Amino acid sequence: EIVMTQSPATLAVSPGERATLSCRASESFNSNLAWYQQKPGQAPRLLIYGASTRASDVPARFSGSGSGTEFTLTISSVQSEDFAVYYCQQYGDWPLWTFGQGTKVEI
Amino acid sequence: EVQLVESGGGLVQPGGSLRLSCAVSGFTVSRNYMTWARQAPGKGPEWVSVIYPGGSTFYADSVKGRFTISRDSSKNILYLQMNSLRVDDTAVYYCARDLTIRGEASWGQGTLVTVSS
Amino acid sequence: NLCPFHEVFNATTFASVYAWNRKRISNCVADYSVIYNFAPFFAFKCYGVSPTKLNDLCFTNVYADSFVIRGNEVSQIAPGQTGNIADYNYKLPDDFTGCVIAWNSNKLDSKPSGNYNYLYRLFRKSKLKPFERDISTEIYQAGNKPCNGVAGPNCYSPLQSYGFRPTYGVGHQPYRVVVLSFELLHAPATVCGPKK
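Residues numbered from 1 in each chain as written, not as in the entry; some residues may be left out. Chains lettered and ligands numbered in written order. Heavy atoms only, no water.

S.K.: I'd like a rundown of the sheet that holds strand β7 (residues 67-72) of chain B, residues and numbers included.
M.R.: Adjacent strands of a sheet pair through backbone hydrogen bonds, lying either parallel or antiparallel. Residues and elements named next belong to chain B. As summarised here, the arrangement of the 4 strands in space is β1-β3-β8-β7, forming an open sheet in which the pairing is antiparallel. Looking at the sheet topology across the chains shown, the edges are occupied by β1 (3-7) and β7. Pairwise comparison of adjacent strand axes, ignoring direction, gives a mean angle of 15° for this sheet. As paired strands, β1 and strand β3 (residues 18-25) are joined by 5 bridges and run antiparallel to one another. Along β3, the bridge assignment pairs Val-5 with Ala-23. (Pairing = 2+ DSSP bridges. Helix = DSSP H or I, 4+ residues; strand = E, 2+ residues; numbered from the N terminus. Axes fitted to C-alpha atoms, helices over the stretch in contact; angles between N-to-C directions.)

Encoded structure:
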């Protein structure tokens, strides 16, 4: 199946500054990518679905973009709480999916 | 307010059996796609099993023929039966009403399953 | 009286899988060679009969269907298989006697902006009985509270758009599927090729 790798694995950005994540897919899938945020000791939470659409209760700072095999998550300004592990899931064969590996954002 | 509570985690010797219960409040477990995701303590979560709102069940390649996923609409509970457990399957297990295409994904708190000797 | 097989295959705008259209064929001299000489097929699985002898047997009635499904979902069009296509959209019987011809048509469908004319049902109370069609847009009651028409929380529309576009992978491009079903019974034989 599709294997998904996200880099860099140790992104570090000071609060209030732009952070540019990136995910990469082994093959091309049907534009079904989701961005998940997981704080330590908590379950993953939907942040972006469809690789370009935000979910409910999601702040406007998060924005997904890119198509094909290169997908990018952009945060307008991290504020003291968006420091968690971000994953790129591919539901191209929904309900079957594979996650990323981790893009922990350190202060 | 969709809530999912896992139970049945603990320590079991390799080759044992373990039944994981999932109390779901907010909707019906017999009318939604339910997935049993598994996250290792060092990498991203991986899918293990899924049940359709019709009755069809699918399992992951690494777990096929060992785990049995069941549902109880009378008490709105999702069950996962654990057979021939290995040291590999030490992880944290989550329930998920996936529905990722519609932009509504709810994941349970999750429970720790540890297999060691 | 030739057989209308070119109007089943070489037909524009195949119906979506949730509303496949039957094209019952009768009173013809069907030659199963225009089928074989039409494009490189992605899958030519024939269940119950030998495709090399299809030009000899006479049946009583042959049906043809027209789909547009994902590339990875063509494996679900087979007896005794489950999924999201073979459970809520098109259920083949367990004693099927026919063929599961499927193309890889991507240059006709999949507009650059996105083809949203193809819809498939992913929500249903129960699995489809074999050879049944469910054209219904009632809101699926995925929760506990009644929906009463509105598409609110825990109240979803069953049909979902494939959204094809000419950039997806080989396994996700549009795939036209035509399945031929043969029934033979006590009625006199009507449909076969020139060879008897």
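After that view of the structure, there is still more to cover.
S.K.: How would you explain unusual backbone geometry if you had to name every residue and give the values?
M.R.: Between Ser-7 of chain A and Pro-8 of chain A the backbone carries a cis peptide bond, its omega angle lying at 0°. For the bond running from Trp-94 of chain A to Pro-95 of chain A, omega is 5°, close enough to zero to count as cis. Within the fold, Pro-95 of chain A resides in the loop between β9 (85-93) and β10 (96-98). Residue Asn-76 of chain B is not a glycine yet carries a positive backbone phi of 55°. With respect to the helices and strands, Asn-76 of chain B occurs in the loop between β7 and β8 (77-82). The buried category is assigned to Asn-76 of chain B, whose relative accessible area is 17%. (Buried < 20%, exposed > 50% of the residue type's maximum accessible area, 1.4 Å probe, protein only.)

S.K.: Break down the sheet that holds strand β6 (residues 180-183) of chain C for me, citing the residues and quoting the values.
M.R.: Residues and elements named next belong to chain C. Pairing in this open sheet of 4 strands is antiparallel, and the strands run β1-β3-β6-β2 from one edge to the other. Edge positions in the sheet fall to β1 (46-47) and β2 (61-64), since each has one partner strand and no second. Alignment of β2 against β6, held across 4 bridges, turns out to be antiparallel. Paired with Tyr-63 across the two strands is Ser-181, which belongs to β6.

S.K.: Outline the interface of chain B and chain A, supporting the account with residue identities and numerical values.
M.R.: Think of interface size as the accessible area that goes away when the parts come together; that is how it is often given. Opposite the 23 residues of chain B that make contact, chain A presents 20 residues. When the two sides are added together, the surface that chain B and chain A hide from each other amounts to roughly 1,800 Å², 66% of it contributed by carbon and sulfur. Broken down residue by residue, the surface that chain B buries against chain A is led by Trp-47, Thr-100 and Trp-107 of chain B, which jointly contribute 31%. Seen at the junction of chain B and chain A, the total is 0 salt bridges. Joining chain B to chain A, the criterion identifies 3 residue pairs in polar contact. Those elements that place two or more of their residues in the side of chain B that touches chain A are β4 (34-39) and β5 (45-51) of chain B. The element contributing the most residues to the side of chain B that touches chain A is β5 of chain B, with 4 residues. The residue makeup of the side of chain B that touches chain A, split by class, is 11 nonpolar, 7 polar and 5 charged. (Contact = heavy atoms within 4.5 Å. Buried area = accessible area lost by both parts, 1.4 Å probe. Salt bridge = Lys/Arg side-chain N within 4 Å of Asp/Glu carboxyl O. Polar contact = N/O pair within 3.5 Å; in protein donor to acceptor, adjacent residues only side chain to side chain. Nonpolar A, V, L, I, M, F, W, Y, C, P; charged D, E, K, R; others polar.)

S.K.: Describe the pairing of β7 of chain B, with residues and values.
M.R.: All names here are of chain B. The sheet contact formed by β7 and β8 spans 6 bridges and is antiparallel. Looking at β8, one finds that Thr-68 is bridged to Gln-81. Remark: 4 residues form the turn of the hairpin made by β7 and β8, two consecutive strands paired antiparallel; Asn-76 in that turn has positive phi of roughly 55°.

S.K.: Describe the packing of aromatic side chains, naming the residues involved and giving the relevant values.
M.R.: The geometry of two aromatic rings is summed up by the distance between their centres and the angle between their planes. Per the stated rule, a full pass over the model turns up 30 aromatic pairs over all chains. Taking 5.2 Å as the distance between ring centres and 20° as the angle between the ring planes, the aromatic pair formed by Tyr-36 of chain A and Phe-99 of chain A counts as stacked. Within this pair, whereas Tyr-36 of chain A is found in strand β4 (residues 33-38), its partner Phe-99 of chain A is found in the segment after β10, the two being separated by 63 residues in sequence. Of the two residues examined, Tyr-36 of chain A and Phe-99 of chain A, each falls in the buried class. Residues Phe-5 of chain C and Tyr-32 of chain C carry aromatic rings whose centres are separated by 5.6 Å and whose planes lie at 55° to one another, so their mutual orientation is tilted. Note that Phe-5 of chain C is positioned in the segment before α1 (6-9) and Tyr-32 of chain C in the loop between α1 and β1, a separation of 27 residues in sequence. By relative accessible area, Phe-5 of chain C is classed as buried at 1%. The class of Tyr-32 of chain C is buried, set by a relative accessible area of 12%. (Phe/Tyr/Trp six-rings, centres within 6.5 Å; stacked < 30°, edge-to-face > 60°.)

S.K.: Give a detailed account of the interface of chain C and chain B, specifying residues and quantitative values.
M.R.: Contact residues are listed per partner, giving 21 residues for chain C and 16 residues for chain B. Regarding the contact of chain C and chain B, the summed buried area is about 1,500 Å², with carbon and sulfur atoms giving 44% of it. On inspection of chain C and its partner chain B, the count reaches 0 salt bridges. Seen at the junction of chain C and chain B, the total is 11 residue pairs in polar contact. Of the residues assigned to the side of chain C that touches chain B, the class counts are 8 nonpolar, 9 polar and 4 charged.

S.K.: Please give an account of the pairing of β6 of chain C that cites residues and values.
M.R.: Regular strands place their side chains on alternate faces of the sheet. Across 2 bridges, strand β3 (residues 98-99) of chain C lies against β6 of chain C in antiparallel orientation. Pairing of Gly-98 of chain C across the sheet is with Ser-181 of chain C, part of β6 of chain C.

S.K.: Describe in detail the state of the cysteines, supporting the description with residues and values.
M.R.: A complete count under the given rule lists 6 disulfides over all chains for this structure. Each sulfur in the disulfide pair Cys-23 of chain A and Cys-88 of chain A lies 2.0 Å from the other. Across the disulfide from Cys-23 of chain A to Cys-88 of chain A, rotation about the S-S bond amounts to roughly 65°, and the bridge is consequently right-handed. Of the two residues, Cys-23 of chain A sits in strand β3 (residues 23-25) while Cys-88 of chain A sits in strand β9, which places them 65 residues apart along the sequence. Relative accessible area serves as the criterion here: at 0%, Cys-88 of chain A is assigned to the buried category. One disulfide bridge connects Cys-46 of chain C with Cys-99 of chain C, the sulfur atoms lying 2.0 Å from each other. A torsion of 110° about the S-S bond marks the disulfide between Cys-46 of chain C and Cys-99 of chain C as right-handed. In this pair, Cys-46 of chain C is assigned in strand β1 and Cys-99 of chain C in strand β3, connecting sequence segments 53 residues apart. On the basis of relative accessibility, which here comes to 19%, the residue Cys-46 of chain C falls in the buried class. On the accessibility criterion, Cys-99 of chain C (1% relative accessible area) is buried. (Disulfide = S-S within 2.5 Å.)

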